[PDB]
4 protein chains.
Amino acid sequence: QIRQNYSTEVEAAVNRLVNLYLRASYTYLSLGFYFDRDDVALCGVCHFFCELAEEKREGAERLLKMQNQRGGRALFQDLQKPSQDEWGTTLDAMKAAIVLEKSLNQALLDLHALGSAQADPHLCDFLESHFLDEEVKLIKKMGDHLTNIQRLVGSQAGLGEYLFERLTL
Amino acid sequence: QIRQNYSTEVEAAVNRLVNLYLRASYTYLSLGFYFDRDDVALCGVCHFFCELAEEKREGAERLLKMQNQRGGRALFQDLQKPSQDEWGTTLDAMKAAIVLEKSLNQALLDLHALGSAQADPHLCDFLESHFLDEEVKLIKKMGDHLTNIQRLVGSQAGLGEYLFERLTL
Amino acid sequence: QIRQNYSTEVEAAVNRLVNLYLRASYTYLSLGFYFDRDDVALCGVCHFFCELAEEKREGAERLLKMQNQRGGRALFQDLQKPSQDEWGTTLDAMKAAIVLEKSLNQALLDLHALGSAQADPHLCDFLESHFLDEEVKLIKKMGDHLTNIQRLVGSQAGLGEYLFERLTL
Amino acid sequence: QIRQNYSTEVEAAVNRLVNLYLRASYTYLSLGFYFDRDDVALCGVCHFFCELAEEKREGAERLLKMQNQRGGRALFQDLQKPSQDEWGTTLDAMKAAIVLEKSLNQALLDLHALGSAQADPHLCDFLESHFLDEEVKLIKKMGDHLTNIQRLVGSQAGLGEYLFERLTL
Ligand SMILES: [Au+]
Ligand SMILES: [Au+]
Ligand SMILES: [Au+]
Ligand SMILES: [Au+]
Ligand SMILES: [Au+]
Ligand SMILES: [Au+]
Ligand SMILES: [Au+]
Ligand SMILES: [Au+]
Ligand SMILES: [Au+]
Ligand SMILES: [Au+]
Ligand SMILES: [Au+]
Ligand SMILES: [Au+]
Ligand SMILES: [Au+]
Ligand SMILES: [Au+]
Ligand SMILES: [Au+]
Ligand SMILES: [Au+]
Ligand SMILES: [Au+]
Ligand SMILES: [Au+]
Ligand SMILES: [Au+]
Ligand SMILES: [Au+]
Ligand SMILES: [Au+]
Ligand SMILES: [Au+]
Ligand SMILES: [Au+]
Ligand SMILES: [Au+]
Ligand SMILES: [Au+]
Ligand SMILES: [Au+]
Ligand SMILES: [Au+]
Ligand SMILES: [Au+]
Ligand SMILES: [Au+]
Ligand SMILES: [Au+]
Ligand SMILES: [Au+]
Ligand SMILES: [Au+]
Ligand SMILES: [Au+]
Ligand SMILES: [Au+]
Ligand SMILES: [Au+]
Ligand SMILES: [Au+]
Ligand SMILES: [Au+]
Ligand SMILES: [Au+]
Ligand SMILES: [Au+]
Ligand SMILES: [Au+]
């Protein structure tokens with residue numbers, strides 16, 4: 001028995017956070033392939049979301065690895081399908097991405113608060129080292145992208161959307 | 001005692017010019033971080049101003065080194081905070097930069113005139129070699145940037161501001 | 001809007017800590033050039049303080065970068081001139097440096113305490129990763145230097161001050 | 001006839017400055033060999049003065065080359081023997097060196113003033129580029145050395161003189 005100072009509440013919440021990361025991954029997969037549609041055709045947007053799908057999956061895998069290291073038991077649930085089948089414009093897609101990220105970030109912070117109430121400093125090191133800083137960086141990048149996309153809407157929206165994909169993504 | 005042909009008036013004016021260079025450096029620091037804001041998000045503008053902050057600091061350090069070489073005494077004053085907290089558009093920011101540069105250039109020229117009236121040819125060599133030519137080059141570059149920014153304003157200002165940052169900076 | 005779990009109190013305190021780092025940087029600049037005076041002439045002491053000026057500036061820049069990442073707004077104040085124009089002996093200068101460092105360290109710890117009361121684990125990761133350990137290391141080094149400088153004072157102070165600069169710095 | 005805008009007064013003064021540089025060179029030669037005496041035996045001091053002898057000779061040669069370039073006629077006088085046969089301590093020797101340098105520097109400045117009164121901008125470029133900055137640097141270095149030598153005198157003069165030669169020169 002390896003398990004030590006690892007509460008059942010943390011264990012459960014780690015499994016939920018794994019589910020949220022895989023759901024996010026799945027969302028990004030759907031975002032990526034939407035932008036690869038012949039009638040959408042924004043290669044850079046596709047590559048941005050595909051890369052995020054992978055990062056989110058890796059996140060989940062690190063949580064699972066940590067679950068096992070602490071002697072908790074990974075439990076998997078259904079992955080709920082993404083919230084939309086079609087994601088609109090690059091602007092709409094980037095808004096939906098940042099609301100998704102803010103929800104993951106909130107779940108990370110709820111998990112940190114739970115680890116403080118439970119006195120679980122390994123969990124706290126774990127989240128700090130691999131999640132908190134990265135999520136903040138990602139959200140700042142998405143904010144930056146959103147400000148440039150918005151700046152490019154104005155009167156010529158198609159033009160702005162093309163330029164952004166070519167010169168930023 | 002090393003001091004030779006170095007007037008108290010030059011000495012004072014060198015300390016003031018050091019203060020002006022560090023103030024300029026501090027202005028550029030504030031300009032750079034304004035453009036790094038998530039709601040401004042113009043990476044190239046940030047990098048242009050950050051680089052200038054550093055060049056201005058180096059300027060100040062060279063003046064200090066020269067002060068010591070002539071046997072004057074460096075005296076430091078408060079660095080006054082930059083003239084604005086938010087710098088508006090890239091156009092506004094580049095105008096404010098060039099007025100700042102013109103003020104440094106005028107201070108350089110007042111110092112040269114003072115060195116001529118005092119018969120201080122080392123000071124004159126010093127300013128010529130490291131300051132006068134560089135300030136002229138920088139101001140010409142900023143003028144060029146300002147003309148391209150203005151050319152890009154027209155009807156689609158957001159578009160122009162994005163393009164300038166991507167294709168020039 | 002990227003800002004999430006980032007209090008106005010943390011935001012303010014980050015801006016103040018930036019000011020303290022830049023002030024420290026400016027102090028070290030003045031310490032460095034004092035030791036470069038022809039009538040002081042302690043090259044190693046100059047290089048030690050110059051390097052510190054740079055580290056302190058970098059500190060400030062990292063805080064600013066973090067401010068932007070969390071969606072706070074950087075606000076700059078006057079940089080107050082250093083507490084002295086002439087810094088006495090290497091011993092006096094190293095004492096003044098360590099009191100300065102202890103004040104920065106205290107400000108770092110007040111900021112950590114504020115981040116705990118506000119439940120801001122990103123801020124806590126941030127300070128731990130880049131500031132707390134480094135400040136402790138620096139202070140230990142300065143303590144070591146101070147003990148060797150003091151050991152060298154005794155009867156022949158000029159000799160001790162020369163040796164320290166040649167064989168340690 | 002190449003000569004253009006080159007006064008007879010500048011020409012004469014260039015020949016005198018050549019004589020001063022060669023005299024200085026000769027002084028340094030004598031300083032160097034004094035420190036190589038078996039009863040003085042300060043290798044680093046010898047190497048410092050030997051190097052200066054060479055720099056001063058090079059100075060003279062550059063002046064001669066410039067004399068010819070402007071179509072003036074080099075005229076050589078006796079080189080007066082150095083002011084002393086024995087140079088005392090490293091402290092005494094470094095004082096005598098800096099008075100010598102200050103005299104060369106004054107002659108450089110008198111020549112610049114003469115070139116301004118004569119409207120001879122080539123002469124002014126010439127002195128600025130190769131002489132003024134270098135003489136200031138050298139004098140600052142000698143001042144630094146003098147401050148460290150003085151710091152090392154105190155009670156144990158022999159010790160201080162040995163250490164300076166080993167750890168600085
Ligand atoms: Au894709
Ligand atoms: Au793709
Ligand atoms: Au993909
Ligand atoms: Au935590
Ligand atoms: Au904890
Ligand atoms: Au914690
Ligand atoms: Au913790
Ligand atoms: Au984004
Ligand atoms: Au995006
Ligand atoms: Au990107
Ligand atoms: Au920047
Ligand atoms: Au930047
Ligand atoms: Au920067
Ligand atoms: Au001048
Ligand atoms: Au002049
Ligand atoms: Au001049
Ligand atoms: Au001149
Ligand atoms: Au510019
Ligand atoms: Au510009
Ligand atoms: Au540029
Ligand atoms: Au320094
Ligand atoms: Au230095
Ligand atoms: Au420095
Ligand atoms: Au904390
Ligand atoms: Au905390
Ligand atoms: Au904490
Ligand atoms: Au913590
Ligand atoms: Au220290
Ligand atoms: Au020290
Ligand atoms: Au050290
Ligand atoms: Au020699
Ligand atoms: Au020698
Ligand atoms: Au020799
Ligand atoms: Au001249
Ligand atoms: Au002239
Ligand atoms: Au001149
Ligand atoms: Au001139
Ligand atoms: Au010397
Ligand atoms: Au010397
Ligand atoms: Au030397």
Side-chain angles (χ1 to χ4, degrees), chain A residues 10 13-14 17 20 24 52 59 62 66 91-92 94-128 130-132 134-151, chain C residues 1-15 17-18 21 55 58-76 105 108-128 130-132 134-137:
Chain A
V10 167
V14 170
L17 195 61
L20 293 176
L52 259 26
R62 280 185 199 279
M66 177 273 279
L91 178 55
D92 294 332
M94 197 66 38
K95 269 148 146 72
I98 208 176
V99 351
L100 174 62
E101 296 298 326
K102 289 209 284 149
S103 77
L104 290 177
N105 200 34
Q106 187 61 247
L108 285 167
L109 301 176
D110 299 341
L111 182 54
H112 149 99
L114 180 64
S116 265
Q118 298 282 343
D120 190 336
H122 178 273
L123 196 249
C124 298
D125 181 42
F126 177 83
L127 294 175
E128 287 164 9
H130 302 269
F131 289 85
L132 270 20
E134 238 144 310
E135 192 62 33
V136 159
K137 214 211 148 239
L138 178 57
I139 293 166
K140 167 65 164 62
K141 189 177 295 281
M142 288 177 172
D144 290 351
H145 288 168
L146 210 49
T147 286
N148 283 273
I149 298 151
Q150 295 195 113
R151 181 188 273 131
Chain C
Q1 190 77 341
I2 68 173
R3 189 187 189 139
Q4 188 171 22
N5 194 45
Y6 196 59
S7 67
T8 59
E9 297 84 1
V10 167
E11 178 183 13
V14 170
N15 284 327
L17 195 61
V18 166
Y21 273 75
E55 278 308 301
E58 286 169 0
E61 290 173 11
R62 280 185 199 279
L63 289 154
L64 287 159
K65 172 171 173 189
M66 177 273 279
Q67 180 75 291
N68 275 348
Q69 282 186 325
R70 297 293 302 275
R73 290 296 168 254
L75 286 187
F76 294 99
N105 200 34
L108 285 167
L109 301 176
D110 299 341
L111 182 54
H112 149 99
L114 180 64
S116 265
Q118 298 282 343
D120 190 336
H122 178 273
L123 196 249
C124 298
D125 181 42
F126 177 83
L127 294 175
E128 287 164 9
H130 302 269
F131 289 85
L132 270 20
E134 238 144 310
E135 192 62 33
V136 159
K137 214 211 148 239

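All values below come from the heavy atoms of this structure, side chains included, with hydrogens, waters and symmetry mates left out. Reminder, nothing fancy here: chain letters follow the sequence lines and each chain counts from 1.
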query: Parallel under 30°, tilted from 30 to 60°, perpendicular over 60°: which one fits the rings of C:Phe131 and C:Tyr21?
result: perpendicular

query: For residues A:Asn105 and A:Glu135, is any side-chain donor paired with an opposing acceptor at under 3.5 Å?
result: no

query: So which part of C:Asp120 gets closer than 4.5 Å to some heavy atom of chain A, the side chain, the backbone, both or neither?
result: neither

message: At a 4.5 Å cut-off on heavy atoms, which part of A:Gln106 comes close to chain C: side chain, backbone, both, or neither?
response: both

message: Assess whether a salt bridge exists between C:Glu11 and C:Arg3, defined as any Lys/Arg side-chain N lying under 4.0 Å from an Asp/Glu carboxylate O.
response: yes

message: Less than 4.5 Å to any heavy atom of chain C: does that hold for the side chain of A:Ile139, its backbone, both, or neither?
response: both

- prompt: Going by atom types alone, do C:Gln69 and A:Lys141 pair a side-chain donor with an acceptor below 3.5 Å?
  reply: no

